[PDB]
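Just entry22.cif here, mmCIF, C-alpha atoms and all ligand atoms:
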data_final
#
loop_
_atom_site.label_atom_id
_atom_site.label_comp_id
_atom_site.auth_asym_id
_atom_site.auth_seq_id
_atom_site.Cartn_x
_atom_site.Cartn_y
_atom_site.Cartn_z
CA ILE W 1 -11.03 -0.89 16.84
CA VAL W 2 -13.43 -2.18 14.16
CA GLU W 3 -12.36 -5.11 11.94
CA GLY W 4 -8.96 -5.51 13.58
CA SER W 5 -7.71 -8.47 15.60
CA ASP W 6 -6.29 -9.31 19.01
CA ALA W 7 -2.87 -7.85 19.79
CA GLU W 8 -0.14 -10.35 20.67
CA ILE W 9 1.23 -10.03 24.18
CA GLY W 10 3.79 -7.21 24.38
CA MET W 11 2.98 -6.09 20.86
CA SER W 12 2.24 -2.42 21.83
CA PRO W 13 4.12 -1.89 25.13
CA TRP W 14 3.67 1.90 24.96
CA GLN W 15 -0.14 1.47 25.07
CA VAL W 16 -1.75 3.36 27.92
CA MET W 17 -5.30 3.35 29.33
CA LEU W 18 -6.72 6.60 30.64
CA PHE W 19 -9.23 6.26 33.49
CA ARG W 20 -11.54 8.49 35.40
CA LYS W 21 -10.89 7.80 39.12
CA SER W 22 -14.46 8.08 40.38
CA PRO W 23 -16.61 6.58 39.22
CA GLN W 24 -13.88 4.33 37.73
CA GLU W 25 -14.30 4.58 33.98
CA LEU W 26 -12.06 3.68 31.05
CA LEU W 27 -12.01 6.99 29.15
CA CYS W 28 -9.52 6.85 26.29
CA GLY W 29 -6.25 5.54 24.98
CA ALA W 30 -2.87 7.24 25.28
CA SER W 31 0.82 6.32 24.70
CA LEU W 32 4.00 6.22 26.76
CA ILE W 33 6.82 8.33 25.34
CA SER W 34 9.25 8.27 28.33
CA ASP W 35 9.26 6.95 31.89
CA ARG W 36 7.19 9.93 32.96
CA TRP W 37 5.33 11.44 29.99
CA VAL W 38 2.16 10.19 28.27
CA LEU W 39 0.70 11.51 25.06
CA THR W 40 -3.06 11.58 24.34
CA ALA W 41 -5.78 13.48 22.48
CA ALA W 42 -6.90 16.79 24.01
CA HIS W 43 -10.61 15.88 23.58
CA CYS W 44 -10.14 13.06 26.02
CA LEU W 45 -9.34 15.65 28.71
CA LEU W 46 -11.26 18.70 27.49
CA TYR W 47 -14.56 18.60 25.57
CA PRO W 48 -17.22 20.64 27.40
CA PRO W 49 -20.18 19.37 25.34
CA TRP W 50 -19.46 15.90 26.79
CA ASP W 51 -18.88 17.33 30.26
CA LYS W 52 -15.16 16.72 30.08
CA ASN W 53 -12.77 19.19 31.72
CA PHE W 54 -10.54 17.06 33.92
CA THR W 55 -7.76 18.02 36.32
CA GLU W 56 -4.77 15.80 37.21
CA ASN W 57 -6.50 14.62 40.35
CA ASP W 58 -9.54 13.30 38.45
CA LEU W 59 -7.59 10.77 36.48
CA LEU W 60 -5.33 7.79 36.53
CA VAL W 61 -3.46 5.73 33.88
CA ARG W 62 -2.83 1.97 33.64
CA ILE W 63 0.21 0.81 31.65
CA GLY W 64 1.29 -2.67 30.56
CA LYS W 65 -2.26 -4.03 30.10
CA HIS W 66 -3.64 -6.46 27.59
CA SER W 67 -7.02 -7.51 28.97
CA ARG W 68 -9.58 -4.73 28.95
CA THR W 69 -11.20 -5.72 32.22
CA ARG W 70 -9.13 -8.31 34.11
CA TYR W 71 -6.41 -7.35 36.56
CA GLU W 72 -2.94 -8.40 35.43
CA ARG W 73 -0.84 -9.25 38.47
CA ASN W 74 2.76 -8.03 38.47
CA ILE W 75 2.35 -6.72 34.93
CA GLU W 76 0.07 -3.71 34.89
CA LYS W 77 1.11 -0.52 36.62
CA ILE W 78 -1.09 2.31 37.80
CA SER W 79 0.16 5.84 37.85
CA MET W 80 -1.19 9.13 39.11
CA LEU W 81 -0.81 12.36 37.18
CA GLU W 82 1.26 15.34 38.31
CA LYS W 83 0.16 17.71 35.52
CA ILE W 84 -1.92 17.86 32.33
CA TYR W 85 -0.96 20.05 29.41
CA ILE W 86 -3.47 20.70 26.62
CA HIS W 87 -2.29 22.43 23.42
CA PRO W 88 -3.15 26.16 23.84
CA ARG W 89 -4.66 26.33 20.36
CA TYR W 90 -6.78 23.16 20.51
CA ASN W 91 -10.06 23.96 18.74
CA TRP W 92 -12.86 21.87 20.25
CA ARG W 93 -15.63 24.21 19.08
CA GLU W 94 -14.94 23.68 15.38
CA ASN W 95 -12.91 20.73 14.10
CA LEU W 96 -10.67 19.39 16.91
CA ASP W 97 -7.67 21.12 15.36
CA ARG W 98 -4.51 20.33 17.40
CA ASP W 99 -6.19 17.47 19.23
CA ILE W 100 -3.21 16.79 21.47
CA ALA W 101 -2.28 16.74 25.18
CA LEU W 102 0.60 15.67 27.44
CA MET W 103 0.31 14.15 30.88
CA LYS W 104 3.25 14.05 33.33
CA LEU W 105 3.26 11.05 35.67
CA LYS W 106 3.56 11.72 39.40
CA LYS W 107 6.46 9.26 39.31
CA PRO W 108 8.45 7.51 36.58
CA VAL W 109 7.15 4.07 35.64
CA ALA W 110 9.52 1.13 35.44
CA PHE W 111 9.94 -0.41 32.00
CA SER W 112 9.48 -4.19 31.54
CA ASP W 113 8.67 -6.73 28.82
CA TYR W 114 5.18 -5.15 28.76
CA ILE W 115 5.97 -1.49 29.30
CA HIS W 116 8.27 0.42 26.99
CA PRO W 117 8.12 3.81 25.24
CA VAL W 118 7.50 4.54 21.59
CA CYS W 119 9.63 7.00 19.59
CA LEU W 120 8.62 10.45 18.46
CA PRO W 121 9.52 11.21 14.81
CA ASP W 122 12.35 13.48 13.65
CA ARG W 123 11.98 15.39 10.35
CA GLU W 124 13.74 12.72 8.30
CA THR W 125 11.63 9.90 9.66
CA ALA W 126 8.38 11.85 9.08
CA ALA W 127 9.34 12.68 5.49
CA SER W 128 10.11 9.07 4.69
CA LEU W 129 7.20 7.39 6.44
CA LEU W 130 4.24 9.72 6.39
CA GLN W 131 3.36 9.22 2.73
CA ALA W 132 0.09 8.11 1.08
CA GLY W 133 -0.30 4.35 0.71
CA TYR W 134 2.21 3.61 3.44
CA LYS W 135 0.58 1.71 6.31
CA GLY W 136 0.63 2.51 9.98
CA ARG W 137 -0.84 0.62 12.95
CA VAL W 138 -3.59 1.72 15.34
CA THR W 139 -4.39 0.03 18.68
CA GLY W 140 -7.04 0.35 21.34
CA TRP W 141 -9.78 -0.99 23.63
CA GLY W 142 -12.48 1.11 21.97
CA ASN W 143 -15.71 -0.09 20.36
CA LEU W 144 -15.63 -3.14 18.12
CA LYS W 145 -18.51 -1.75 16.12
CA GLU W 146 -20.27 1.52 15.48
CA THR W 147 -22.86 1.70 18.23
CA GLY W 148 -19.50 -4.26 21.70
CA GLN W 149 -16.19 -3.89 23.53
CA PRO W 150 -13.19 -6.29 23.20
CA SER W 151 -11.90 -8.53 25.95
CA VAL W 152 -8.29 -7.74 24.91
CA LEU W 153 -6.35 -4.95 23.12
CA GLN W 154 -7.13 -4.72 19.39
CA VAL W 155 -4.84 -3.84 16.52
CA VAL W 156 -5.36 -2.87 12.91
CA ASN W 157 -3.00 -1.73 10.13
CA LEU W 158 -4.28 1.11 7.82
CA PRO W 159 -2.91 3.02 4.79
CA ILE W 160 -2.31 6.78 4.99
CA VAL W 161 -4.67 8.53 2.53
CA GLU W 162 -3.89 11.34 0.01
CA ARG W 163 -4.88 14.74 1.41
CA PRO W 164 -7.37 15.68 -1.34
CA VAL W 165 -9.09 12.35 -0.93
CA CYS W 166 -9.38 12.96 2.85
CA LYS W 167 -10.73 16.45 2.15
CA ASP W 168 -13.39 15.34 -0.34
CA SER W 169 -14.59 12.59 2.02
CA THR W 170 -16.04 14.95 4.66
CA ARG W 171 -17.58 18.40 5.09
CA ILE W 172 -15.67 18.94 8.36
CA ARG W 173 -12.73 21.33 7.89
CA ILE W 174 -9.41 19.49 7.89
CA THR W 175 -6.10 21.21 8.68
CA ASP W 176 -2.39 20.51 8.27
CA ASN W 177 -2.40 19.26 11.89
CA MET W 178 -4.37 16.16 10.84
CA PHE W 179 -3.95 13.28 8.41
CA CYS W 180 -6.38 10.53 7.55
CA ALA W 181 -6.02 6.78 7.09
CA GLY W 182 -8.13 3.87 5.91
CA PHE W 183 -8.83 1.46 3.07
CA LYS W 184 -10.78 2.50 -0.02
CA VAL W 185 -14.20 1.45 -1.32
CA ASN W 186 -12.63 -1.10 -3.69
CA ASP W 187 -10.18 -2.64 -1.23
CA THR W 188 -11.25 -5.99 0.19
CA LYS W 189 -9.46 -5.06 3.46
CA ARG W 190 -11.28 -2.96 6.06
CA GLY W 191 -10.67 -1.58 9.53
CA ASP W 192 -10.87 1.66 11.51
CA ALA W 193 -10.47 3.10 14.98
CA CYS W 194 -13.75 3.95 16.72
CA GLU W 195 -15.19 5.66 19.77
CA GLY W 196 -13.09 4.93 22.81
CA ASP W 197 -9.86 4.58 20.80
CA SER W 198 -9.22 8.34 20.92
CA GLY W 199 -5.81 9.25 22.24
CA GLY W 200 -4.41 5.93 21.12
CA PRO W 201 -1.32 5.85 18.85
CA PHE W 202 -0.95 5.56 15.05
CA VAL W 203 2.56 4.03 14.83
CA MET W 204 4.89 3.09 12.01
CA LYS W 205 7.93 0.80 12.04
CA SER W 206 11.01 2.30 10.43
CA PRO W 207 12.58 -0.02 7.87
CA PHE W 208 15.82 1.92 8.40
CA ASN W 209 16.46 1.45 12.11
CA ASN W 210 13.74 -1.00 13.08
CA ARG W 211 12.17 1.30 15.64
CA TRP W 212 8.49 2.13 16.08
CA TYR W 213 7.53 5.80 15.80
CA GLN W 214 4.30 7.49 16.78
CA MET W 215 3.09 9.54 13.80
CA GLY W 216 -0.50 10.13 14.85
CA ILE W 217 -3.06 10.19 17.64
CA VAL W 218 -6.61 8.78 17.09
CA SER W 219 -8.72 11.94 16.88
CA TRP W 220 -12.04 11.77 15.02
CA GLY W 221 -14.19 10.22 12.31
CA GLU W 222 -17.82 9.93 11.19
CA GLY W 223 -19.20 6.53 12.07
CA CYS W 224 -16.63 3.71 12.08
CA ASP W 225 -15.29 1.64 9.20
CA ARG W 226 -17.78 2.97 6.62
CA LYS W 227 -16.52 2.59 3.04
CA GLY W 228 -15.95 6.00 1.52
CA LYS W 229 -14.95 7.48 4.89
CA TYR W 230 -11.62 7.74 6.68
CA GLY W 231 -10.40 8.05 10.24
CA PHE W 232 -8.57 11.22 11.24
CA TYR W 233 -5.41 11.49 13.32
CA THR W 234 -3.55 14.32 15.00
CA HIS W 235 -0.30 14.92 13.06
CA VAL W 236 2.36 14.41 15.80
CA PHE W 237 5.45 15.66 13.92
CA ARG W 238 3.58 18.87 13.07
CA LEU W 239 3.12 19.59 16.79
CA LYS W 240 6.56 18.32 17.79
CA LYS W 241 7.80 21.79 18.71
CA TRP W 242 4.99 22.29 21.20
CA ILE W 243 5.69 18.83 22.62
CA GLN W 244 9.38 19.54 23.02
CA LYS W 245 8.64 22.88 24.68
CA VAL W 246 6.38 21.33 27.32
CA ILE W 247 8.87 18.62 28.16
CA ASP W 248 11.85 21.00 28.23
CA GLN W 249 9.85 23.46 30.29
CA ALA A 1 17.63 6.11 24.11
CA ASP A 2 15.88 2.76 23.81
CA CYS A 3 12.52 3.90 22.42
CA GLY A 4 10.57 1.95 19.86
CA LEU A 5 12.34 -1.41 20.35
CA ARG A 6 9.95 -3.86 21.93
CA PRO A 7 11.34 -6.28 24.61
CA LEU A 8 9.30 -9.21 23.27
CA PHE A 9 9.88 -8.56 19.57
CA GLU A 10 12.77 -6.46 18.25
CA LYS A 11 14.91 -7.09 21.32
CA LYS A 12 14.58 -10.87 20.84
CA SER A 13 14.70 -10.68 17.06
CA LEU A 14 11.11 -11.85 16.73
CA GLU A 15 8.62 -10.52 14.19
CA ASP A 16 5.05 -9.88 15.27
CA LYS A 17 2.21 -11.46 13.28
CA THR A 18 1.35 -8.47 11.07
CA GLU A 19 4.29 -6.07 10.91
CA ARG A 20 5.32 -7.50 7.53
CA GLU A 21 2.17 -5.78 6.18
CA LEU A 22 3.69 -2.43 7.09
CA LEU A 23 7.09 -3.23 5.63
CA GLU A 24 5.50 -4.34 2.36
CA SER A 25 3.48 -1.14 2.07
CA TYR A 26 6.76 0.72 1.54
CA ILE A 27 6.97 -0.93 -1.89
CA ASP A 28 3.26 -0.92 -2.80
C1 LIG F 1 -12.66 10.80 21.50
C2 LIG F 1 -12.36 9.62 20.47
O1 LIG F 1 -12.67 8.40 21.26
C3 LIG F 1 -13.21 9.61 19.19
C4 LIG F 1 -12.52 8.81 18.07
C5 LIG F 1 -13.30 8.74 16.81
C6 LIG F 1 -12.51 7.98 15.75
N1 LIG F 1 -13.40 7.50 14.69
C7 LIG F 1 -13.00 6.84 13.60
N2 LIG F 1 -13.93 6.45 12.71
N3 LIG F 1 -11.66 6.58 13.38
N4 LIG F 1 -13.36 11.01 18.77
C8 LIG F 1 -14.58 11.59 18.68
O2 LIG F 1 -15.63 10.98 18.93
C9 LIG F 1 -14.63 13.08 18.30
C10 LIG F 1 -14.72 13.88 19.61
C11 LIG F 1 -15.73 15.00 19.35
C12 LIG F 1 -16.72 14.38 18.39
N5 LIG F 1 -15.87 13.44 17.58
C13 LIG F 1 -16.11 12.91 16.33
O3 LIG F 1 -15.29 12.14 15.79
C14 LIG F 1 -17.40 13.30 15.58
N6 LIG F 1 -18.01 12.00 15.10
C15 LIG F 1 -17.06 14.25 14.38
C16 LIG F 1 -16.41 15.58 14.77
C17 LIG F 1 -17.11 16.55 15.54
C18 LIG F 1 -16.49 17.80 15.90
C19 LIG F 1 -15.17 18.08 15.49
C20 LIG F 1 -14.45 17.12 14.70
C21 LIG F 1 -15.08 15.88 14.35
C1 LIG F 2 -12.40 23.93 33.31
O1 LIG F 2 -12.87 24.23 34.66
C2 LIG F 2 -11.92 25.11 35.32
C3 LIG F 2 -12.08 24.89 36.82
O2 LIG F 2 -13.46 25.13 37.14
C4 LIG F 2 -12.09 26.55 34.69
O3 LIG F 2 -11.17 27.48 35.23
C5 LIG F 2 -11.84 26.44 33.15
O4 LIG F 2 -12.29 27.63 32.52
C6 LIG F 2 -12.59 25.22 32.50
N1 LIG F 2 -12.14 24.89 31.14
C7 LIG F 2 -12.83 25.32 30.05
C8 LIG F 2 -12.08 26.11 29.00
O5 LIG F 2 -14.00 25.10 29.89
#
Please go through the file and, once you have read it, give me the structure as structure tokens.
Amino acid sequence: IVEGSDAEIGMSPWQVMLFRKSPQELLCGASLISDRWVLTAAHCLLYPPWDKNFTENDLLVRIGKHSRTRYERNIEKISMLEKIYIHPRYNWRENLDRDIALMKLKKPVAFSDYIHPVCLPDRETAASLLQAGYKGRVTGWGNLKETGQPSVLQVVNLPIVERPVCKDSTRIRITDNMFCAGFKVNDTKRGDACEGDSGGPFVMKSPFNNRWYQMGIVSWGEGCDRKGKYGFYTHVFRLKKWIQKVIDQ
Amino acid sequence: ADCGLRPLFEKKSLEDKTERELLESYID
């Protein structure tokens, strides 16, 4: 997260870290949506050009963390994966279309003051909240600058950007399965997700029922926090049917 | 279920340091 600030303790209890078992390596962000399911970006698990094509056994997740590197006694939980599910139509060769994946935990994790799931949006909630100018929140332990890494979880709030504006800001082909967010050239405010934040959640707090909903997944961008550019996110509601199918299955 | 309600914030009726920024964006 570039130009954000430290998260307060317990501020994003659905935040998940995705690690490579050996060598141990913090790979990406992810989010907890139930006691046994974690949502992330498909490119964190499958992106051949970066030599990424992981199986359940290659990975591990840590939940409840705040510090990026220090062990947090009786707070953080480690979980193994039972199965990974990547969207069947994820397009890594072209534009990361449908950059989404589910991971089933080998065992349900216990909720606590530091571990708690985020909500997935229903049609009504998506219609009301996913509108240009409305702000969402992104969190992660990714790079502090385009390139270094934070000692603790970072957070930044960003406005959803009008589709045509997103489209004219890049030559990369955008689809309905993505949305972009970020401040404009004139705005004094700045901020963006960056490398390493992929898979992390773009959440919004409903002013109707006071619950936090995950509307997006950090997916891609060109550089980080450059004026004139915007960060791109996987559109969660758009892929909600696939998500439901995997979980029901 | 209980999703989206944080134990240290909503459950204790406490506001985090920047969520007001999101609420206010629903106006402007
Ligand atoms: C995997 C994630 O850590 C990372 C997040 C980038 C978010 N950046 C900003 N400014 N919010 N994603 C990536 O690095 C993705 C993975 C593949 C390459 N990539 C990019 O963002 C490229 N810089 C652009 C791109 C290449 C191919 C297809 C789509 C976008
Ligand atoms: C990932 O590797 C597996 C196991 O070797 C192989 O079957 C699969 O084709 C690979 N994934 C892709 C699409 O590269």
Exercise. Find the residue from W:30, W:75, W:41, W:109 that sits nearest to ligand LIG 1 (chain F); use only C-alpha atoms and all ligand atoms when measuring.
Key: W:41
Quiz item: residue 158 of chain W: which residues within 12 Å, counting all atoms listed in the file, same-chain residues fewer than 5 positions away excluded, as a ChimeraX atom specification?
Solution: /W:1-4,132-139,180-184,187,189-193,202-204,225,230-233 /A:18-19,21-22,25
Quiz prompt | Local residues around (10.0, -0.2, 19.3), at most 6 Å away, using all atoms listed in the file, as JSON, numbers by chain | solution = {"W": [118, 211, 212], "A": [3, 4, 5, 6]}
Put the listed atoms of segment 1-14 of chain A in a box along x, y and z with 4 Å added on every side and give me the centre and edge lengths in Å to one decimal, as lines of an AutoDock Vina configuration file.
center_x = 13.5
center_y = -2.9
center_z = 20.7
size_x = 16.3
size_y = 26.0
size_z = 15.9
Practice problem: Using only C-alpha atoms and all ligand atoms, determine which residues fall within 9 Å of ligand LIG 2 (chain F), then list them as JSON, numbers by chain. | Solution: {"W": [46, 47, 48, 52, 53, 54, 55]}
Exercise. Around the point (-20.2, 12.6, 34.1), in the coordinates given by the file, pick out the residues reaching within 10 Å, counting all atoms listed in the file, and return them as a ChimeraX atom specification.
Key: /W:20,22-23,25,50-52
Quiz item: Within 12 Å of chain A, which residues of chain W show up when using only C-alpha atoms, listed as a PyMOL selection string?
Solution: chain W and resi 4-15+31-35+111-121+128-138+155-160+189+203-214
Practice problem: Set the cut-off to 9 Å, count all atoms listed in the file, and list whatever residues fall near ligand LIG 1 (chain F) as a PyMOL selection string. | Solution: chain W and resi 1-2+27-29+41-44+47+49-50+91-97+142+146+172-174+180-182+192-200+218-226+229-233
Self-check item: Pairwise distance for atom CA of residue 26 of chain W and atom CA of residue 215 of chain W, rounded to one decimal in Å
Solution: 23.7 Å
Exercise. Please indicate the distance in Å from atom CA of residue 60 of chain W to atom CA of residue 178 of chain W, rounded to one decimal place.
Key: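 These two atoms are separated by 27.0 Å.
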Quiz item: Interatomic distance between atom CA of residue 123 of chain W and atom CA of residue 235 of chain W?
Solution: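 Answer for the atom CA of residue 123 of chain W to atom CA of residue 235 of chain W separation: 12.6 Å.
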Quiz item: Excluding same-chain residues fewer than 4 positions from residue 98 of chain W, what lies within 7 Å of it counting only C-alpha atoms, as a list in words?
Solution: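 What passes the distance filter is residues 87, 89, 90, 91, 177 and 234 of chain W.
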Self-check item: Neighbour list for residue 103 of chain W as a VMD selection string, cut-off 8 Å, only C-alpha atoms, skip fewer than 3 positions in-chain
Solution: chain W and resid 37 to 40 81 to 85
Could you turn the residues from that selection into a file that holds C-alpha atoms, as a PDB file, in the coordinates of the input?
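Full text of part-v7.pdb as output:
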ATOM      1  CA  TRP W  37       5.330  11.440  29.990  1.00  0.00           C
ATOM      2  CA  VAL W  38       2.160  10.190  28.270  1.00  0.00           C
ATOM      3  CA  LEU W  39       0.700  11.510  25.060  1.00  0.00           C
ATOM      4  CA  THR W  40      -3.060  11.580  24.340  1.00  0.00           C
ATOM      5  CA  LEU W  81      -0.810  12.360  37.180  1.00  0.00           C
ATOM      6  CA  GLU W  82       1.260  15.340  38.310  1.00  0.00           C
ATOM      7  CA  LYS W  83       0.160  17.710  35.520  1.00  0.00           C
ATOM      8  CA  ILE W  84      -1.920  17.860  32.330  1.00  0.00           C
ATOM      9  CA  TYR W  85      -0.960  20.050  29.410  1.00  0.00           C
TER      10      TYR W  85
END
